[PDB]
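Step one of this worksheet: look at the structure below.
Protein chains: 4
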Amino acid sequence: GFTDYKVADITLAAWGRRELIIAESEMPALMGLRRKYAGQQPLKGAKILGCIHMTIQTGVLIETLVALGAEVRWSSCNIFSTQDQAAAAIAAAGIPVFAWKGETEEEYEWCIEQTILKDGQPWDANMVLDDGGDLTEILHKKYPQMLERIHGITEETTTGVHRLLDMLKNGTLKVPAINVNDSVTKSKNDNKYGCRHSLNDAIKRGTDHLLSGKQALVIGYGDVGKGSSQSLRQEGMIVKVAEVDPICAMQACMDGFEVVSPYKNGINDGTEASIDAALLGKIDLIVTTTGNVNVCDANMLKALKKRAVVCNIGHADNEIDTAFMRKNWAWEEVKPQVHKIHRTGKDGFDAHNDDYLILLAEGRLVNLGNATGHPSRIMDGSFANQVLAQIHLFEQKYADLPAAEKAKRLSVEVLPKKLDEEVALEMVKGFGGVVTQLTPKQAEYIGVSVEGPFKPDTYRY
Amino acid sequence: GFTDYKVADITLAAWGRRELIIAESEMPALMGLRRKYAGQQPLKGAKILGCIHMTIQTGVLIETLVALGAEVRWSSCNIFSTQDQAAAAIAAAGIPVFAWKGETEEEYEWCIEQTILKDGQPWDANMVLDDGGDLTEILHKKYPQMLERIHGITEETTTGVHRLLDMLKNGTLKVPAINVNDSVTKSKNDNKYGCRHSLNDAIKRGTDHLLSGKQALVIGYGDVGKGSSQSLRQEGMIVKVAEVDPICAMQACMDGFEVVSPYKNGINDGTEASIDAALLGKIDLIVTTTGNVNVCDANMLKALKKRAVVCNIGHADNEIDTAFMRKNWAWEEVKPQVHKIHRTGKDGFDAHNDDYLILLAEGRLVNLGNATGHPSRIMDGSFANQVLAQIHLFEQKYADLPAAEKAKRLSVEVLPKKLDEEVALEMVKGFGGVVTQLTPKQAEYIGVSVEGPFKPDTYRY
Amino acid sequence: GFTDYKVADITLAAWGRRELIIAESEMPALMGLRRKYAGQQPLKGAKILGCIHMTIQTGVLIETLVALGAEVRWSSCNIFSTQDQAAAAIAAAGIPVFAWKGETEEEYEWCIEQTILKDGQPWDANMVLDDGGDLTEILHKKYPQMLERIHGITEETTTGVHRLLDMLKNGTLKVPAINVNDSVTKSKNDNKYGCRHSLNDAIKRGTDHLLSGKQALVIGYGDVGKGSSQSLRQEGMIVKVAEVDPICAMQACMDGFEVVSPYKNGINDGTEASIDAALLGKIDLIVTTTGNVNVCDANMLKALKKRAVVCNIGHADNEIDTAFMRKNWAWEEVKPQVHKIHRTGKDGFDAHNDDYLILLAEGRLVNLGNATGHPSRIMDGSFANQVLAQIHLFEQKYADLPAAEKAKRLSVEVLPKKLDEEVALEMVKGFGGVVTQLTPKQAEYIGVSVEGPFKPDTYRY
Amino acid sequence: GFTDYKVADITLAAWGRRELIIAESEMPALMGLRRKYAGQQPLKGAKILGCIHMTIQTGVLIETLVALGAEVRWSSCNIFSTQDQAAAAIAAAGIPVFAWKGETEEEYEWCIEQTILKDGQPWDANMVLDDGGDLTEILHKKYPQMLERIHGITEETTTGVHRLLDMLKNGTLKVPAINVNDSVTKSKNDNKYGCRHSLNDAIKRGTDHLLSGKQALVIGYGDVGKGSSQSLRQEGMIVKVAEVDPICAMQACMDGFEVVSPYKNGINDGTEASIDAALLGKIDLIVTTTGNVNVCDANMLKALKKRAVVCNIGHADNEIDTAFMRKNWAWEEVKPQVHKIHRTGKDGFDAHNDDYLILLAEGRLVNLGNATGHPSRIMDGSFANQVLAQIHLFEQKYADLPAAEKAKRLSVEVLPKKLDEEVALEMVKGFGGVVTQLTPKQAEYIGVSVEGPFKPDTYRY
Ligand SMILES: NC(=O)c1ccc[n+]([C@@H]2O[C@H](COP(=O)([O-])OP(=O)(O)OC[C@H]3O[C@@H](n4cnc5c(N)ncnc54)[C@H](O)[C@@H]3O)[C@@H](O)[C@H]2O)c1
Ligand SMILES: NC(=O)c1ccc[n+]([C@@H]2O[C@H](COP(=O)([O-])OP(=O)(O)OC[C@H]3O[C@@H](n4cnc5c(N)ncnc54)[C@H](O)[C@@H]3O)[C@@H](O)[C@H]2O)c1
Ligand SMILES: NC(=O)c1ccc[n+]([C@@H]2O[C@H](COP(=O)([O-])OP(=O)(O)OC[C@H]3O[C@@H](n4cnc5c(N)ncnc54)[C@H](O)[C@@H]3O)[C@@H](O)[C@H]2O)c1
Ligand SMILES: NC(=O)c1ccc[n+]([C@@H]2O[C@H](COP(=O)([O-])OP(=O)(O)OC[C@H]3O[C@@H](n4cnc5c(N)ncnc54)[C@H](O)[C@@H]3O)[C@@H](O)[C@H]2O)c1
Ligand SMILES: Nc1ncnc2c1ncn2[C@@H]1O[C@H](CO)[C@@H](O)[C@H]1O
Ligand SMILES: [Cl-]
Ligand SMILES: [K+]
Ligand SMILES: [K+]
Ligand SMILES: [K+]
Ligand SMILES: [K+]
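For the record, the sequence lines run as chains A, B, C and D. Our numbering puts the first residue of the first sequence at 41, with every later residue one more than the last. Our numbering puts the first residue of the second sequence at 41, with every later residue one more than the last. Our numbering puts the first residue of the third sequence at 41, with every later residue one more than the last. Our numbering puts the first residue of the fourth sequence at 41, with every later residue one more than the last.
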């Protein structure tokens with residue numbers, strides 16, 4: 041009967057299910073929600089448009105939403121991030137999913153449109169779960185009538201939240217959102233420790249390069265740059281860090297990294313003469329982590345050491361100037377999501393040319409494109425937050441509020457600290473960790489409840 | 041003919057001056073402010089009561105405040121934290137200071153009273169710089185009339201800020217304060233990296249013990265606990281972490297520590313039966329980092345491995361139950377701020393007894409008691425913030441405001457992010473770090489100024 | 041019209057060749073030998089039986105031997121270690137190779153036989169290059185007449201060398217050997233840093249498990265155990281180490297590991313009562329590194345935590361008692377080289393059973409089975425030694441010596457320190473490292489030549 | 041009425057004894073020998089000339105030698121290494137010791153002469169325990185009749201052993217020696233992990249500098265350089281390494297250090313033009329670890345960054361060219377064993393001069409000069425070996441052998457591996473480590489006894 045899906049190969053379903061059964065055992069916060077809320081069915085009647093990397097971890101999120109009563113229609117938010125066995129297992133469970141590894145851009149857009157439309161007409165969606173804001177943008181621009189009946193958006197990523205806050209400032213956001221990224225059990229777990237796990241993993245899978253003893257430049261030292269720099273330093277790389285934010289740069293210095301700029305004195309004068317050629321001529325590996333544009337620009341790429349690896353773990357495909365490389369230099373596929381870019385010109389190359397760079401995942405998320413992204417026990421935190429955020433906005437029923445009541449609730453908000461702590465506690469117990477209970481005297485002394493929350497909203501962890 | 045001081049030994053002044061000249065070269069943010077504001081004299085007319093560890097680093101702070109036009113009267117906020125050469129150098133410069141290493145509690149109170157009183161009468165103070173809140177409490181309880189002429193308090197430490205926020209919530213705070221602690225260039229520099237540097241330093245100076253291969257228990261995993269755990273792990277200790285806050289415990293797990301409780305199932309019901317005797321019987325070193333009371337309690341001390349080291353880098357002398365040890369067990373001074381505590385009874389000890397613990401700094405701040413606290417290049421951040429906070433509150437002139445205007449400004453506030461970034465930039469340049477300048481295109485892409493600030497006020501770093 | 045090979049898929053040749061061209065740029069010592077000796081053709085007339093993991097790195101070794109004039113016939117020394125693209129590239133270059141990933145044991149023996157036989161008769165072999173000693177053993181037991189014409193064996197691995205030294209002690213060794221393992225640029229490069237790179241790589245590829253915060257037990261702390269312990273600790277695992285050698289255990293303690301035994305008091309009396317069930321009940325990962333038998337025995341496997349991962353990076357398939365698991369417990373293939381072993385019985389399992397272990401590479405070398413083994417820039421050292429050792433024994437022409445002269449040369453020897461240093465220098469230059477030249481006065485002061493060797497033969501590095 | 045000593049202050053004895061009693065609890069291998077051999081008095085009649093750093097650790101060694109029946113006469117082998125409380129405690133126990141912190145060179149020679157002479161005439165010495173070979177050299181050159189009656193020398197340090205091997209090769213060594221340094225429980229414990237503990241300790245005590253984020257250059261990567269590099273990297277320094285030995289350089293690369301030379305292309309032709317001014321102009325700290333001469337030369341000192349710290353943890357005072365600095369530049373004592381060296385000229389300096397270096401311990405061993413050297417639990421290994429070596433040579437009674445029998449025993453040898461393992465085992469047990477016992481089957485499989493030794497003499501650990 042069930043045909044409402046499109047995946048690479050449905051015969052991978054049994055493999056996907058074996059990996060989902062393992063992943064459940066690695067996701068105690070998400071499986072804890074599944075057990076706590078099963079009887080109450082808090083997402084009964086929820087119809088969720090989901091756009092996030094169709095991994096095994098996203099599989100456990102989907103099956104938790106469904107176990108709590110939701111229906112979903114799913115796509116990946118990246119052309120290389122799907123695990124074909126995860127997409128097959130979800131299709132085989134009778135869930136609409138449109139995702140495969142190695143989509144074209146045209147197929148990416150088609151997949152999102154297959155979630156929005158059921159049998160050629162808008163689905164009766166009433167919730168959105170987004171990673172990076174592409175689905176959110178398409179609904180606002182192309183399907184405004186659908187947003188009338190949507191109660192909320194839950195957004196995974198730093199870049200997606202930035203796009204929501206821009207819409208809210210400009211008065212174009214039509215439904216409330218939860219900023220899932222800024223839970224501590226997301227931002228200071230997934231963004232940092234996920235990249236610590238998955239960056240060196242992706243570089244090894246793609247290149248099998250020794251990292252020990254080699255020179256890296258990490259562009260950015262936010263949550264992703266911090267985790268990326270550690271991924272590489274812990275392998276024995278000599279890591280230098282670039283930053284525009286002097287507070288983040290101060291953290292890099294204290295963490296034991298040299299803070300450098302690709303530009304002389306940190307100033308881009310619009311010419312190749314402002315590039316620190318001596319510095320870039322020694323770098324074996326550049327990683328972009330910024331959420332910004334052209335932080336590894338054409339003139340940097342021209343100055344890099346021969347056979348340097350270039351990758352992006354931040355956003356989109358334009359942290360590195362891949363457009364410059366597509367226009368000017370010859371691409372030689374080594375294997376999927378690994379290209380040698382020959383700096384000898386556009387029209388062919390010598391197979392034994394020494395003057396190339398290695399680009400991973402065509403300048404798109406390297407951890408998800410060349411490996412499997414973050415591990416289950418880290419994504420547990422992010423995805424437990426996603427479930428709690430879906431429950432919160434679905435129960436508030438914004439779409440059913442009268443105009444005057446909507447105006448008061450139209451916001452981009454974080455989950456309460458108490459929920460962030462309850463997710464953290466399930467993660468700690470998954471490690472076999474034992475938190476201490478405050479005595480009444482101690483709770484009084486520091487001015488908190490024995491139940492928490494334990495820190496004021498200003499606390500930075 | 042200057043006599044308005046009390047220090048251990050004025051003949052240490054020349055040594056103090058030599059170390060102050062080195063410290064100036066290690067404190068570019070603080071010396072940057074000294075050079076930028078010297079001509080403007082923004083603290084002309086300021087009369088500052090200062091109570092903070094009389095170290096070489098505090099010496100550079102005092103001489104910066106004086107260089108910007110202030111008069112000060114100074115004491116230490118801890119009986120063991122004074123560096124006698126720093127106190128001597130400050131006295132020799134004609135600045136009133138009442139501080140020596142190894143004060144009694146009675147001498148500590150006398151020293152604070154000597155700052156408050158000049159020639160037997162209240163000094164015409166109009167500013168307060170505090171670390172831990174003891175001076176703040178004495179002014180509110182004993183000298184309320186003096187607070188009528190005081191424009192503000194600048195408070196250094198987590199515990200001091202907690203005490204200010206309690207006064208504000210109870211309506212007993214009489215003057216506005218700046219929370220210096222919660223500048224990122226304080227809390228996420230000093231509290232973390234300071235303890236990283238100075239905890240293993242103090243344990244080595246006191247005991248000369250090998251740390252590698254030994255078992256530690258760090259109680260707390262806030263900023264101080266994070267830095268403390270790293271101090272020990274980086275030396276090759278096997279570190280276990282205790283926490284009441286599940287988010288901080290999650291961080292400890294992800295950072296590669298086992299999270300344990302001294303109590304079975306984390307429940308302290310006050311009985312010896314609740315103590316995890318198997319765990320505590322393997323611990324060679326306990327460090328308290330909490331700012332809470334009785335987190336290393338009598339029953340834990342009884343269960344500790346023979347010859348374990350016990351120390352506190354958080355607050356006061358009651359994180360460890362030192363009162364229990366003073367009443368019940370015999371103390372053998374090894375050398376100043378190092379005592380063997382013989383668990384054989386309160387009266388006689390055998391010089392060759394094997395059943396003892398080693399207590400550092402009598403359960404008071406170990407980094408400052410057994411070594412020299414944080415290094416100059418870290419305290420640069422904290423003390424640049426102190427100077428900016430003093431300038432801000434002095435210029436606001438709260439004490440001269442009409443009643444209606446006072447009411448609107450009576451708060452506990454942090455410095456603006458822009459100043460936090462300007463401190464960080466001077467610290468980065470001290471390392472020879474080069475921040476990148478955003479292009480206008482990049483600044484517009486992430487919605488910030490090329491000049492910063494670079495992050496929203498919610499950002500946690 | 042070359043057909044003298046058997047590989048998984050000859051159409052993988054182009055991909056293999058792209059990866060060989062990258063590997064050449066990562067192997068400066070091996071490519072330095074290729075360039076230095078090309079003109080001399082020192083292996084002209086050498087006919088080498090090779091048995092070592094048919095990886096990209098082994099590909100560069102093979103083509104170096106051929107570039108120096110050798111003919112070879114090749115097989116893999118492990119049923120899971122072949123990279124099918126590497127085997128294809130070598131076949132497509134017209135080199136006899138019999139190797140694929142996922143051989144049966146019967147296919148493994150048939151592949152070695154295809155190297156020994158050409159067109160149904162013993163090949164006119166005159167050199168052996170071995171890893172683990174299986175080919176060496178087959179020649180001695182089954183083809184002793186072939187050894188009459190063989191000039192020597194060059195042996196890669198600790199276990200293979202141990203087997204050669206046993207043959208020499210028993211007087212059963214028929215040709216001289218070089219112990220390649222005990223070059224410092226092999227043992228203290230490959231064995232240690234190779235495993236550091238490739239152990240966490242293999243565990244991530246097989247399971248995608250988070251390692252940070254979890255408990256590991258590494259059995260052994262020789263070169264492989266040291267590198268393995270670091271692989272895990274650098275990811276944030278809490279690593280405990282087992283050893284029988286108290287000197288290696290001393291090193292583990294000092295390196296910051298707790299040293300534990302699976303057995304109470306370290307005494308394995310073969311009973312379940314001797315197992316430390318509390319210790320094994322907390323372990324998430326066991327790694328064997330010993331080259332010994334039954335160091336993760338049936339009683340340990342029964343006591344392990346549910347869903348623990350078990351793997352071997354040492355030798356054979358019997359460091360872990362895989363025979364006990366094949367007899368007693370049901371194996372569920374997750375994907376190739378990843379099995380769940382259900383401790384509920386032999387005859388099938390509940391798909392949702394929680395009581396299983398995860399076995400990687402069926403208890404055989406996990407780095408080569410679940411990933412790609414050591415990276416090119418590490419194997420450069422091992423394989424430069426292999427080439428120098430082949431040249432040395434081929435030039436000595438043992439098989440052509442009179443009986444009296446044979447007797448004096450029948451030994452298992454290491455390469456001279458001077459060659460070890462010349463390999464190391466090419467590796468250092470590959471990192472862009474610059475070695476200092478001694479002045480004549482300095483060389484005289486420490487009693488060495490400016491050219492080296494720099495250390496006496498007793499030096500341990 | 042014991043007066044046969046010279047120390048700084050006999051009233052420090054009680055403090056010394058308290059620290060000796062603690063040190064006993066940290067030295068289980070040395071205290072194990074004291075307990076095992078007490079009844080047998082193996083050193084009854086031994087009269088030992090001892091020249092080694094008069095630390096608390098040396099005190100426990102001395103009192104073990106005395107407890108086993110020896111008489112000794114002691115001096116320090118370094119002018120800054122004595123702990124005055126240790127020297128006092130040894131004098132107060134009625135043991136001849138001539139040692140204080142801050143000897144002149146003339147006092148150093150006088151102290152050694154006070155051990156050799158008792159009441160103005162040669163002591164009836166029959167054993168030597170030396171560190172660095174100065175006492176050994178004096179006996180050979182000045183007191184050859186005394187060597188007739190001496191049974192052996194036990195030598196602590198790499199440099200001392202090199203001097204013994206030179207005497208043996210030249211036929212000038214008069215008595216046999218044990219090379220204590222090359223026990224694995226010395227060289228790969230003390231030399232490496234001792235410096236790891238004590239290098240950052242000494243730099244903090246001397247300067248209180250932040251190390252995190254600053255640039256270091258470690259000259260040498262033998263056991264001392266390895267431990268020194270780790271001391272600094274673990275604190276967050278960015279460490280570069282220099283070497284002449286390409287094998288040691290390879291290890292530095294793999295351990296995650298950049299390998300550089302102070303000289304362009306590593307060629308030290310004695311010209312200023314050969315200095316890499318750009319490299320040295322960024323270095324905040326140079327540490328020499330070589331046992332060689334002029335490895336931090338005048339032209340390097342001229343090129344160093346302003347306010348760089350320079351120190352030596354290797355040997356003598358001429359690894360750094362201190363003689364050049366004494367001749368050309370003005371020394372300003374900060375405090376004992378800390379000098380600012382003003383590069384503005386020889387005579388006066390400006391108190392606020394920015395152009396200086398900081399020299400620790402006047403270029404002599406920094407760990408012992410500015411802190412307390414290695415900790416008790418590490419020196420346990422070195423000193424257990426010293427005691428075994430004294431017992432071995434004393435029992436052999438070389439001086440009582442006839443000329444022809446002396447000739448066969450005149451050697452420089454190491455202790456047998458079995459004793460090295462027995463020292464290691466006591467050290468492991470002191471950490472609470474549990475070694476596994478081999479089964480009979482396992483011991484047979486790897487060809488060792490269940491009792492050990494576990495490795496061949498060629499094994500490098
Ligand atoms: N790949 C993944 O699995 C993964 C996980 C989490 C988030 N992300 C994405 O990674 C990006 C970074 O996320 P984050 O949470 O670290 O954001 P963040 O704001 O915490 O960090 C980004 C940092 O980049 C710095 N930066 C900006 N422009 C720069 C420039 N030109 N040069 C140097 N530094 C520059 C900023 O100062 C900032 O500190 C976002 O796009 C986010 O969505 C990816
Ligand atoms: N010694 C120094 O140089 C230095 C430096 C900075 C701050 N401090 C002091 O250190 C203390 C901690 O400061 P912080 O900035 O880390 O505060 P914080 O609030 O960041 O961290 C304190 C941590 O203690 C934990 N905690 C509380 N009670 C506990 C208990 N019973 N068991 C386990 N964990 C418990 C809390 O959950 C919290 O995470 C304060 O008193 C502060 O003033 C000292
Ligand atoms: N997978 C790879 O890529 C790779 C690389 C190098 C070598 N190897 C193999 O790894 C194995 C180990 O090699 P190595 O060079 O480390 O040898 P090694 O002799 O240096 O180390 C082996 C260690 O195992 C210890 N050991 C033995 N039995 C033990 C037991 N019952 N419990 C605990 N510890 C025990 C020994 O004391 C020794 O220290 C060998 O089989 C070698 O051929 C594998
Ligand atoms: N301070 C202490 O507590 C302590 C402890 C042990 C030994 N030592 C002394 O430290 C010194 C080193 O001992 P070790 O055991 O490390 O010796 P080692 O032989 O293992 O190491 C010395 C290293 O210096 C390198 N080297 C020599 N000249 C060099 C140069 N010009 N540039 C760069 N590298 C150069 C050599 O190649 C060698 O690797 C000796 O003098 C030893 O006696 C001191
Ligand atoms: N605390 C200490 N006491 C005695 N000797 C020491 C100490 N620290 C280091 N040493 C020795 O100093 C020697 C160098 O002179 C080293 O070989 C080491 O064994
Ligand atoms: Cl622009
Ligand atoms: K994953
Ligand atoms: K300090
Ligand atoms: K490989
Ligand atoms: K010491």
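Yeah, the Cβ is synthetic: ideal placement off N, Cα and C, and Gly gets one too.
Same chain, Cβ closer than 7 Å to residue i, five either side skipped, listed in chain order
| i | result |
| --- | --- |
| C:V279 | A256, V258, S269, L272, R273, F297 |
Collapsed DSSP secondary structure at residue i in the structure displayed
| i | result |
| --- | --- |
| B:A313 | helix |
| A:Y303 | strand |
| B:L205 | helix |
| D:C288 | helix |
8 Å CB neighbourhood of residue i in its chain, flanking five on each side removed
| i | result |
| --- | --- |
| B:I418 | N229, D230, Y233, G234, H237 |
Test item: CB-CB of residue i and residue j under 8 Å
| i | j | result |
| --- | --- | --- |
| B:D361 | B:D337 | yes |
Q) Can you list, in chain order, the residues of the stretch 446–476 of chain B whose Cβ is nearer than 7 Å to any Cβ on chain A? A) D460, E461, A464, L465, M467, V468, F471, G473, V474, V475, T476
Q: Could you run through the stretch 285–296 of chain B and flag, in chain order, every residue whose CB is less than 7 Å away from some CB of chain C?
A: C293, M294, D295, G296
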